[PDB]
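Take a look at the letters that make up each chain.
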Amino acid sequence: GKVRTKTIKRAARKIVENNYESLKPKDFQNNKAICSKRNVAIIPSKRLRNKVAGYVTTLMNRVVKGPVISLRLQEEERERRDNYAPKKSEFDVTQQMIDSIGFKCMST
Amino acid sequence: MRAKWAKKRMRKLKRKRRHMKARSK
RNA sequence: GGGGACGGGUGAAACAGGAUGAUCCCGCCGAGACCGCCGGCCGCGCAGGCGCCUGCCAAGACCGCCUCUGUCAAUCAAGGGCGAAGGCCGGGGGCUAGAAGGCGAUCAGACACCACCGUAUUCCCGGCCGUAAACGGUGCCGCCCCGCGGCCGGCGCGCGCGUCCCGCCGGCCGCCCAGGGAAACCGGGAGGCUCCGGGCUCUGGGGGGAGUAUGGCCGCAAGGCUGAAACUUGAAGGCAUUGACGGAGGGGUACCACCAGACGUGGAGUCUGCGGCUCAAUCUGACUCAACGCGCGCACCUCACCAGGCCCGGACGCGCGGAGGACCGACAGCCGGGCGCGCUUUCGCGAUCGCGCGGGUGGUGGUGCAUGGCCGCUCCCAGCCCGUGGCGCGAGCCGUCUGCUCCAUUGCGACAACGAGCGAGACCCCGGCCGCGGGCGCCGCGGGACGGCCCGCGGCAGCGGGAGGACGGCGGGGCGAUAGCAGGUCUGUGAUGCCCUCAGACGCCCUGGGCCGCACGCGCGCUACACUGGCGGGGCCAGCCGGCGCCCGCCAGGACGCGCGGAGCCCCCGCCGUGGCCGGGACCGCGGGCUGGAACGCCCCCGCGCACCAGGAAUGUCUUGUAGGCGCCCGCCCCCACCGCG
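Cut-offs and rules
- Residues numbered from 1 in each chain as written, not as in the entry; some residues may be left out.
- Chains lettered and ligands numbered in written order.
- Part of a larger assembly, values for the part shown.
- Heavy atoms only, no water.
- 1 Å grid on protein atoms, 1.4 Å probe; cavity = no way out; pocket = protein on both sides within 12 Å on 5 of 7 lines; lining within 4 Å.
- Points joined across faces, edges and corners; volume = space filled by probe spheres on them.
- Helix = DSSP H or I, 4+ residues; strand = E, 2+ residues; numbered from the N terminus.
- Nonpolar A, V, L, I, M, F, W, Y, C, P; charged D, E, K, R; others polar.
- Axes fitted to C-alpha atoms, helices over the stretch in contact; angles between N-to-C directions.
- Parallel < 35°, antiparallel > 145°, perpendicular 65-115°, else oblique.
- Left-handed = near helix turned anticlockwise from the far one by under 90°.
- Contact = heavy atoms within 4.5 Å.
- Buried < 20%, exposed > 50% of the residue type's maximum accessible area, 1.4 Å probe, protein only.

Method of determination, as annotated in the archive: cryo-EM, at 3.33 Å resolution.

Moving on to the layout of surface pockets. All names here are of chain A. Roughly 190 Å³ of internal volume is contained in the largest pocket. Lining the largest pocket are 14 residues, with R10, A11, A41, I42 and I43 positioned closest to its centre. Among the elements of the structure, α1 (6-18) and α3 (46-65) are those that each provide at least two residues to the lining of the largest pocket. Here the lining of the largest pocket is composed, by residue class, of ten nonpolar, two polar and two charged.

All right, on to the packing of α1 of chain A against α3 of chain A then. All names here are of chain A. Contact geometry of α1 with α3 gives a least axis separation of 8 Å together with a crossing angle of 55°. Taken together, α1 and α3 sit at an angle that is classed as oblique. Like other packed secondary-structure pairs, α1 and α3 cross with a definite hand, here right-handed. Of α3, the residues touching α1 (which contributes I8, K9, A11, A12, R13, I15 and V16) are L48, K51, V52, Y55, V56, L59, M60 and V63. Of the residues belonging to the contact of α1 with α3, the class tally is twelve nonpolar, no polar and three charged.

Moving on, we get to unusual backbone geometry. Residues and elements named next belong to chain A. Despite not being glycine, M106 shows a phi value in the positive range, around 50°. The exposure class of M106 is exposed, given its relative accessible area of 52%. Residues other than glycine seldom take positive phi values, yet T108 does so here, at roughly 75°. Relative to the helices and strands, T108 is located in the segment after α5 (97-101). Overall, the relative accessible area of 85% leaves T108 in the exposed class.

Written out as structure tokens, the structure is:
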């Protein structure tokens, strides 16, 4: 019955997206200091902070294991694929359909 | 089937009514 | 023929069948039905309907066609034929099933459902009947009609070629764009229709009365077909929406639910509340959950009730009266718990007023069905809604999920919705561990615990273990959505509508009794029913949070003084020895005391020694420091608790 609620989940997800670098995968205690940081978020009350940091530990372990909150640190690789043009184009290089139009490719 | 049972009661009364008519014919 | 005790039946049963050998097995015969699995978005037929084999006999649609004819057509009163089943009337036949009929269980009844037996019937042949939710609830002929699929038949085109591909025609169907409709839905029409006209027949005109009466016809009948009125009534109906509900299904879920247990009540005395009743008065309110030790302890008071009494606490304003007096008490004697209450009586007062009125003022009087406020309850519920957009003529839907996880609309990955909220969380008090600060009293602020970690299984959400760690996944509580309820309180309230009462008051006092009276039925508790126990000593352990010394007395209590203090259970030794006993303590007979103006309250001692020897049918509460056992505190409190808060 310890199901992290959306309030805990929404805050935790934003914190990993904002500072993936600050967090660490197996350390709730480091995450608690990052989460408690006055600049990172203003969490009223100890329980919400403790839980949000616990959710970041699981989320951080997940977002390090795989791209499971977008990762700009991973977006560059996606952008590189977006600009990627194969040097040798596989497709630049039924039979009588062209003969039918009038211009015959593979004539004969 | 109340409609069916109602027409059976009407048919019974109509049999008795015709028979009584015959006695006084 | 075999082999040996049951068999049938059912939801369980029971009846009928079994040593005259059943059931069961195997062969054999007879009798009559009936066409299994293939068997269908298959087909044929005018519908009703239609399925064994081999024939036999006439058909029928469809297709194909440079075949013939030349409007021969359509729809149809009357008229003719056909028509499931059940029924009928003559003949058969007779297995099965089976209205009636009989039985056997059930139930208050059951005569109904379920079982068992069983006649008409079912089957055939010749007649009759003429009806079905005879439905596709949609007449028939004609045209246009948007795509997409299946299936049946006939034919055609094309090719590798196969029961292929693509058509066409006639059917049988599904899905739908338009359109239509009040919608459900039709869409091969229920479209092309308020922009209404292809043709032709049938029927309808609010609901009953009533398909009845009567008349006709038809039938062997049963009945069919036709078919009213008088009169009654403000609705009947259709299709959808939302709730409430189901002995409907699918998820869940909770000791206010059950498992597995516990500890019980109900049974006995008692104690408190309620009903009934008795009464001068027994003030009442409340009646499943959600009335009933409840509305925080009834000598008086309270206090609303009675049996008697007292007086204004009728203000402030207009007219009128009034200083020798407006107002306003009093000795003695009387009468009367008592009151200059009244009286006989003679003595004052001192403008603080009388008198009517305009109007107050109070009233625990009523009505919580006129109400505020609070509070119970639905609900220990997870639901509740919004902005814009989508959908419908609208009521209303969508977001708000028929997928998964939670303790939870708790999340996640979705989705004509997309964003917001509110509730749950969060929060806050009180713990249990660790710092520091503080100490007239162990009291002031911080940490720690997060499903973080491990091993799994997991889009996920998580979950299932393993831990480490005072502490584990919801320690315990406070707050507790929305929409409501004719829930309860006018007897908490310078809360309050409105009526009643208002000077002999429903104002207010004073007295004594009432609420506690008991033929009764019941709810909450307490103490019992003993040896796991009493009883006599000896130790002695608490929290909420709180003081005592000295002497007198059997205690009870009191006097005196002053600064402070503390349980049971349990443990150790004795006695009883299964006896209503040394279980148990109920009334009553005294006695001694307290609080008290006052017992009608309480206390203690000496008698007494009530039922109950473990509570019927029924039901209640309850999961770790938990139930229960065991005491203490505090509330209302003059005194008092078996009660409640703890």
